[PDB]
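Asks: build me a model:
(2 chains, ligands or ions: 6)
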2 protein chains.
Amino acid sequence: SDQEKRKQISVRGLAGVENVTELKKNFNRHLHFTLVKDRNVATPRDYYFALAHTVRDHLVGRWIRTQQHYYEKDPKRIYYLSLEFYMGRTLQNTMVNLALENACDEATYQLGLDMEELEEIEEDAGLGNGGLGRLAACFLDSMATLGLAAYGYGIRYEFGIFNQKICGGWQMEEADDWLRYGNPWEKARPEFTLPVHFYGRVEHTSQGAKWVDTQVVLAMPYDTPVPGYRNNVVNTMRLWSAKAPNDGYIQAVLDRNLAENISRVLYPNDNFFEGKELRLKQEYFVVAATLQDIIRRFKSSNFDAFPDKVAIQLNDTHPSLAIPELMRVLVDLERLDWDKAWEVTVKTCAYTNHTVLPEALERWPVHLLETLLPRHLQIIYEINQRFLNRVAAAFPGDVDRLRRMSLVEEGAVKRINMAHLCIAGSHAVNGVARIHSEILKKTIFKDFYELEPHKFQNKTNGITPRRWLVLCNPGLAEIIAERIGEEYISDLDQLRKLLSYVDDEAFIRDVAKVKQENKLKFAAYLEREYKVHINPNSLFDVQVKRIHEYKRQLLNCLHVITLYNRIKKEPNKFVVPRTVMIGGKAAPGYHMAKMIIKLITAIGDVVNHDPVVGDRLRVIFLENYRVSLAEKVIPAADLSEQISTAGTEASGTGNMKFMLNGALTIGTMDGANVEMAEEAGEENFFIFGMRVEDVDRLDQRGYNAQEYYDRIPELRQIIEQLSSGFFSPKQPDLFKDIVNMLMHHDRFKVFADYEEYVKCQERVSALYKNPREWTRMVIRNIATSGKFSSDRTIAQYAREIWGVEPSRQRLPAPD
Amino acid sequence: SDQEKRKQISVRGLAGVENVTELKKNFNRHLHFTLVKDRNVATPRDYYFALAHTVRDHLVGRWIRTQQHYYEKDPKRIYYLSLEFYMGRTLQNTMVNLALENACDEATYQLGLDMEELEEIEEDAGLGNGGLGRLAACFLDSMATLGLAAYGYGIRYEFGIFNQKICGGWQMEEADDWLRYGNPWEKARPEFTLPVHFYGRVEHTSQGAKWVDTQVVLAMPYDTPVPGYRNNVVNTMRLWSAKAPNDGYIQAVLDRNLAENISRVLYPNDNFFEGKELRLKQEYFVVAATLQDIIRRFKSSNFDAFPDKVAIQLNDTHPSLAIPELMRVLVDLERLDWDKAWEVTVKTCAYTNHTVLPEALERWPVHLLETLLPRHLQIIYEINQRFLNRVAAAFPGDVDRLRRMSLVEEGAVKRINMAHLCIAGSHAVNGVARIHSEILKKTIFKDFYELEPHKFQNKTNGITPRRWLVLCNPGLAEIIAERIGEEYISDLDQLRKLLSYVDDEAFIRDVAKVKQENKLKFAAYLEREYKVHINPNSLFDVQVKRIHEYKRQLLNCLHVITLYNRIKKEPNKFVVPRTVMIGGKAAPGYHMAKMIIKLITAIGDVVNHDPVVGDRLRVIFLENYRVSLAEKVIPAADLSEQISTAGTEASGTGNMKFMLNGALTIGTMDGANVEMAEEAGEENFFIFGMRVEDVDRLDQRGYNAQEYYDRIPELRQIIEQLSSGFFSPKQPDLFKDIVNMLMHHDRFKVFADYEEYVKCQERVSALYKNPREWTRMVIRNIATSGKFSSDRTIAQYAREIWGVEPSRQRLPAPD
Ligand SMILES: O=C(N[C@@H](Cc1ccc(F)cc1)C(=O)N1CCC(O)CC1)c1cc2cc(Cl)ccc2[nH]1
Ligand SMILES: O=C(N[C@@H](Cc1ccc(F)cc1)C(=O)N1CCC(O)CC1)c1cc2cc(Cl)ccc2[nH]1
Ligand SMILES: *Cc1c(COP(=O)(O)O)cnc(C)c1O
Ligand SMILES: *Cc1c(COP(=O)(O)O)cnc(C)c1O
Ligand SMILES: OC[C@H]1O[C@H](O)[C@H](O)[C@@H](O)[C@@H]1O
Ligand SMILES: OC[C@H]1O[C@H](O)[C@H](O)[C@@H](O)[C@@H]1O
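Replies: Numbers count the residues shown, from 1 in each chain, chains lettered A, B, ... in the order given. Ligands and ions are numbered 1, 2, ... in the order given. Find the structure here:
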């Protein structure tokens, strides 16, 4: 067989040029050949798929080319391990990064179809809970845009974050069957399935330890392409799916599902640790399969050069088993000596911390680890012993420090502190905001910082400007481009140039206009899909994020109730109208969080139907908050609420989204809020409340909520209203749990920041009364948000942690 | 929006002409765009998929057109309900019916690929157990070829018939993960999902009965196209998949699998009834979803015309719940009166019986029916009461007949006789071979025949000549075409013309040559994938079918052991060399059937390694017998074994496959064997053993195997060898169960036909010694097999049962 004949098999002239004529042809081809529909039975969903497939074709030509390029060039490869990847919709984002948006628009118009209507049909890819998952998605976009040889590795959950329904004011969870109609963006690779072992036992042979009598679960990869911004670079996100091996009969076949349950559903916990066996299996699963893939890719073009060609970033402690698993492979399978293996491991792994809340920290009981992963538990003990020996050498006689630094936590239930394991086996450990990274060195990891100061870094979070500006706010992106060009899209610092238009009356008018249109649009979307009338001329007060006590949605609730009581007291007095919007999902077993949602809706029940309040105050709970809803509500927001208790929000990222889209911020000196105020100037920020140091003082002396209740009349009245059943007539004591918590067991001191919060809210209302000055402060914000682009964050990881150089060099097009 | 613009959305000029240039282009497009592979990483499996997708495109253009045609013309529609559809591979069959085989061959050659190698990569679609399932597949092909508006409705099992492995001579079952790499021939239709109810209870309202508090399981359809032979007609096979509805949290999501288990696996029972709940659910599932689809299609272009536009064929009693379900819908939902509903039902349904073995008959316990389908059990009782009233009117005072005809079978465990239910609610009941249909009227359904003689018919089975001749035996099809043309392919009766070449020396040489090549090929396939050396010059004695006592593979075993003992007795005597091949799967819990397989391999262990036997005798057990293996071994067979006990094989179809491909038959006067001998002339058939009437005599007086053991020395010796451990040295009494069964509990009288069988086998050996006369008898067989084409069978169903006229009119091509 002449092998020169197989040279015809090329992607050289396939998709055709990116003009309207070829696009319509392919749209048609896909509608008929791919979907087996005709113009008579086709529905809008079918038309949406035909378009997705048409765009996908252009995406694939570049995908194949990018991977060929990396094979030829062999760059250092970056592996981002995360159990979450909150991707959202992919159609629009693909059209924009490939510059096909226009042609697709024209091509769909000539066919008698409306592209915007089609885009709304796409299901959100919700394989994440919130901030942690979305950050991974932003980073993927940025790494592609910066031309890095990066791969995202995670789990392909069959069911992502649940869909939230509100019944009688309460949250109801519904499985998110996001694959029901299929996913055109993923490419299954059954041919690359790998084995993952569980349970079993350890045997010691003359030449080493052997992990035997193990149960096997296969890991099947699904690849999703991730396009960079107009540089023709398409990277890969590989998600693993669990499959049972082929080795009563009927029962035996039905029991296969048991093994496939590993990748069935995403744990809906945000910043909270649940030590369930299934979760541990998910963690080892993603890790074991990923590392095998990494080693084989490494051997296909000894291990001394491993750290030079491989960088493994651990997103939180979820994939922390990668450290002992890498040791297991190198020592048990590759037979390297312990010390060389360890050196390679530390040089390859880096760890990112995302929270300081103690209940969010993973501490796995050893009895669970010894039955499920016996060999890893042995390796962990060894790692521990050698690490503790170093400690003892650096701090002789300090037996207390040894106890505190141990990877093994004593107590009735022995547990492994995964955070300690990550610090010990990583060459770098980073926080996600300046204040958070400092807190890590000053508090929780102080002992580790003293032993190895060089390991601790900071990498302030960011968001991608493509999805969080160009995509969700085309109007804003339009008027900004009409003055400074399109170069900011991949270089956000250029937004700085906008400071020269702070005084231009044309610009001021435009910014205010884009926002009004965004608000008009959002108000329409609300009446259409959730029938209710909000006044588009009111101030849009928005707080959207996962429901959590530390995020203090309750502090927000206290404010709106204060506003209501005020109006009722002096009904004929003028107040700046407000539409307070709060949305977010609560973890299913988080009782307090679910009670907070009920409180929010109970408040709206009273406020929204009080005739004397009128159109002056509306409280709305946005149900099913997700990436696609964030893209709608954020560009329409005037005020962004970032009011977590100082020292609790590691960074936050939603705050940055609001800053980039023309909303002013009211928040505490927490996480990235500190750096945002720093960039825009504290005078262009609505800061309030305790600083981290004040919180420490209060803690030292003791928090007594009663003091505030006794000293603040307005607060007393609110609490009295809550306990009396004012907001729950048929059930007088429905909120007894919330009240009791605020009064006697509030770890986040809501009452302590109440007074400052309200006063601050008053200044917000004062400034909104003056349109031109409000819009001018907004411009001072948008103009200095450049530092919060994920491209900046990634550039820093690359250079300071991974040892690779970014690049905006575009690759050639398929043809 | 101008709706005239949407006229551009057409299949009018898509696939391009069927020439080599366009095919290569599409092959390439699919390899890259569809599979995301390039010529560097692509494997033969990838190349196979690129080709399948290329061929699929041509198949889809016609599919859309055919369905448009039926919409416009609105023919009477035929619905074939079956729980099995043994389809086998689809690539080659599609290329042949579309006449693309050649272009595909040339196009793949110019790309440096070999098409035959690619075809072998396709997985068999094994959604059937054997004869019953394969008949449904043959019928689908025939109905399409005869231009009937027919739809096959079944279940999309995730795992079909298990893969058979032989370990130490024993059968081992391995799940058949046939969807692992995907199925390019199916088109999922999530948009057409329908609800199916289970359990619940019946409430009586003033206006009727209501089935309430039911558990719901969704039914998602997957469509597979079925192309007719070169007539551009593409029909549909719709298979249902079970999906849970979207309404601890983690556990709740994991428990969804419970509902999806309904379509997880095919029960591997052939001609045997297992009353398990899961199986009953599968039966109602396919029925409830199918009938809903049928009603909606009916209303989209009152019920008095239902029987004029709808025909529902029940393949065995598996889908028998269609009768009470149709009544439930018409009476409970559509609110028709009982009598009108009943008339419509009987006029719409027809039932086909496939076996008389009592243990194969479905008799569901009422306690299972009342808890799972309470409303259907009520309807069944009502049907029963009104049917029994008719009986009482026609045969006054005959209380015994009333007991025998009842749909409800008394006893400790009350049961519903589904066969009786089908006869009562169908306008037609048919057997599958002349002798079988007569047995139905004479024995098991005698009471029903006496009440309604007009209901009973016969429809002798057939096989499709496309797959069973053109596809598997191109050489034979070639030489046949070179003398009489290609018109026989869709008109098998024309094979008759071949009787004029019985004396032509050229033809005789050719037929013998095609067979030798087929044998040479099969011998090569055996050494390559199952390393073992058979002599291609020996007589190929083949018996392939499911292992069953009534099929008497044991009678075959007795013969080969006799042959072995004979050789050993007179080693230097000449015998016609033979390669005895036996293959087939045994149901997992069928102990005796699994013991028979072990016996067969034990026999080969001794015979195949006896140096004095040499190349004169080889016993081979063909593992994992399936549709694709049948296509290989059948064309290479010389002698076809169809030796079931007279009166037990309803028809058989494998017998017809062997007849069409040049093998002579040695069998009993059973099932279709009777009609085959009738067509070829009994002198061209090797018939032997008891006739049905002889079996009855023996039964009347009593079967005593000892008599034969006492009177036949050769038989004694065999039994003595078996009990002594001659064939099982390390385990002397391993076959004690088989021996005991043959001696004291043989329901199929193996010993009674032993003597006649051996004598007959001797005549087979005598004729093979004379090549020219052997080949001339073969020609007399091939030439009269025309009557056994499924096109003939379907034509008869259409005209005599469905009321529709066949047609070979070709539809226009897509363009
Ligand atoms: O899914 C894709 N192609 C099909 C091509 C296809 C379709 C049916 C089939 F049977 C085999 C292959 C496929 O490989 N899978 C379909 C689902 C199946 O279970 C596994 C394979 C796909 C191509 C592609 C290109 C890009 Cl750029 C992005 C996502 C993509 N997905
Ligand atoms: O499978 C086909 N097309 C894809 C086209 C496609 C691919 C990916 C996707 F997300 C949506 C649609 C599809 O509709 N399914 C893929 C698997 C998914 O789970 C359900 C839909 C298909 C077209 C076709 C035409 C013919 Cl003639 C025969 C079989 C066929 N199958
Ligand atoms: C950005 C984002 C988050 C993170 O928001 P924070 O306010 O930082 O907690 C959570 N959910 C969604 C859907 C997001 O888009
Ligand atoms: C034709 C066929 C059958 C039916 O064979 P019989 O000898 O009639 O029992 C069974 N299995 C397969 C794979 C077939 O092709
Ligand atoms: O690091 C991304 C996100 O991780 C977690 O969600 C933290 O709670 C949040 O502060 C941070 O912004
Ligand atoms: O009807 C098709 C087939 O059904 C069953 O398998 C019967 O056992 C067989 O005799 C018949 O040929």
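Asks: tell me the spacing between residue A:135 and ligand 5.
Replies: In this view, residue A:135 and ligand 5 are 4 Å apart by C-beta to the nearest ligand atom, to the nearest Å. Every residue, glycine included, has its C-beta placed from N, CA and C.
Asks: quick one: buried residues of stretch A:350-365?
Replies: Buried residues in stretch A:350-365, defined by neighbour count with 16 or more other C-beta atoms under 10 Å in any protein chain shown: A:350-357, A:360-364.
Asks: so it, near ligand 3 or not?
Replies: No. In terms of C-beta under 6 Å from any ligand atom, no part of stretch A:350-365 sits within range of ligand 3; the closest distance is 10.7 Å.
Asks: strands - which of the buried residues of stretch A:350-365 land there?
Replies: Judged by DSSP state E, the subset of the buried residues of stretch A:350-365 located in strands is A:350, A:351, A:352, A:363, A:364.
Asks: and the closest residue to residue A:445 other than its chain neighbours, helix, strand or coil?
Replies: Of all residues not flanking residue A:445 in the chain, residue A:423 sits nearest, at 6.4 Å (C-beta to C-beta, 6 or more residues apart in numbering or on different chains). Classification of residue A:423 by DSSP: H, G, I helix; E, B strand; the rest coil places it in helix.
Asks: tally of neighbours for residue A:423?
Replies: Residues near residue A:423, counting by other C-beta atoms under 10 Å in any protein chain shown, number 26.
Asks: now residue A:238
Replies: 21.
Asks: so which strand or helix has it?
Replies: strand A:234-243 (DSSP states H and E).
Asks: list the buried residues in that strand.
Replies: Applying 16+ other C-beta under 10 Å to strand A:234-243 flags A:234, A:235, A:236, A:237, A:238, A:239, A:240, A:241, A:242, A:243 as buried.
Asks: cool, stretch A:175-188 as well?
Replies: Neighbour-count burial for stretch A:175-188 flags A:175, A:176, A:177, A:178, A:179, A:181, A:183, A:184, A:185, A:186, A:187, A:188 (criterion: 16+ other C-beta under 10 Å).
Asks: please list all residues in contact with the second one.
Replies: Shown here is residue A:176, whose contacts under the criterion C-beta atoms under 8 Å, 6 or more residues apart in numbering or on different chains are A:126, A:159, A:160, A:161, A:162, A:163.
Asks: quickly find the element holding the nearest residue to the fifth one once chain neighbours are set aside.
Replies: The spatially closest residue to residue A:162, leaving aside those adjacent along the chain, is residue A:173, at 4.2 Å (C-beta to C-beta, 6+ apart). Residue A:173 belongs to strand A:170-174 when assigned by DSSP H and E.
Asks: gap between that strand and the chain center?
Replies: In this view, strand A:170-174 has its centroid 22 Å away from the chain centroid, taken as C-alpha atoms, centre = their mean, to the nearest Å.
Asks: for that strand, which outside residues touch it?
Replies: With C-beta under 8 Å, 6+ apart as the criterion, strand A:170-174 contacts A:162-166, A:268, A:585-586, A:588, A:594, A:597-598, A:601, B:246-247, B:249.
Asks: quick check: the gap between residue A:61 and residue A:812.
Replies: Computed as C-beta to C-beta, to the nearest Å, the residue A:61 to residue A:812 distance reads 11 Å.
Asks: sorry, back to before: between the ones in strands among the buried residues of stretch A:350-365, which is nearest ligand 4?
Replies: Comparing those against ligand 4 with C-beta to the nearest ligand atom places residue A:364 closest, at 51.5 Å.
Asks: what sits against that closest one?
Replies: The contact partners of residue A:364, by C-beta under 8 Å, 6+ apart, come to A:275, A:280, A:415, A:416, A:418.
Asks: so is stretch A:124-135 next to ligand 3?
Replies: Yes. Contact of stretch A:124-135 with ligand 3 (C-beta under 6 Å from any ligand atom) involves A:130, A:131, A:134.
Asks: skip the chain neighbours and tell me the closest residue to the second one.
Replies: Okay, so that is residue A:131. Using C-beta to C-beta, 6+ apart, the closest residue to residue A:131 is residue A:653 (5.5 Å).
Asks: pull up the residues of the stretch 501-650 of chain A that are close to ligand 1.
Replies: For the stretch 501-650 of chain A, no residue is in contact with ligand 1 (C-beta under 6 Å from any ligand atom).
Asks: excluding its backbone neighbours, what's nearest whichever residue of the stretch 501-650 of chain A sits closest to ligand 2?
Replies: Per C-beta to the nearest ligand atom, residue A:628 is where the stretch 501-650 of chain A lies closest to ligand 2, at 17.6 Å. Computed as C-beta to C-beta, 6+ apart, the closest residue to residue A:628 that is not its neighbour in sequence is residue A:124, at 4.8 Å.
Asks: picking up where we left off before, pick out whichever of the buried residues of stretch A:350-365 sits closest to ligand 5.
Replies: Distance ranking of the buried residues of stretch A:350-365 against ligand 5, using C-beta to the nearest ligand atom, places residue A:354 first at 3.8 Å.
Asks: so that closest one touches residue A:432, yeah?
Replies: Yes. When contacts are counted by C-beta atoms under 8 Å, residue A:354 is listed as touching residue A:432 (6.1 Å).
Asks: anything in contact with each of the two?
Replies: Common neighbours of residue A:354 and residue A:432 (criterion: C-beta under 8 Å, 6+ apart): A:650, A:651.
Asks: before we move on, the earlier item: same for ligand 6: which of the buried residues of stretch A:175-188 are within range?
Replies: Counting by C-beta under 6 Å from any ligand atom, no member of those is near ligand 6.
Asks: could you export those to TSV, including columns for secondary structure?
Replies: Output for those, formatted as TSV (three-state DSSP):
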residue	secondary structure
A:175	coil
A:176	coil
A:177	coil
A:178	coil
A:179	coil
A:181	coil
A:183	coil
A:184	coil
A:185	coil
A:186	coil
A:187	strand
A:188	strand
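Asks: ok, the residue nearest to residue A:445 to chain B distance?
Replies: Distance, residue A:423 to chain B, using C-beta to the nearest C-beta, to the nearest Å: 30 Å.
Asks: break down the stretch 551-700 of chain A into its strands, ranges please.
Replies: Using DSSP state E, counting those that start in this stretch, the strands of the stretch 551-700 of chain A run over residues A:578-583, A:617-622, A:639-642, A:664-667, A:686-687.
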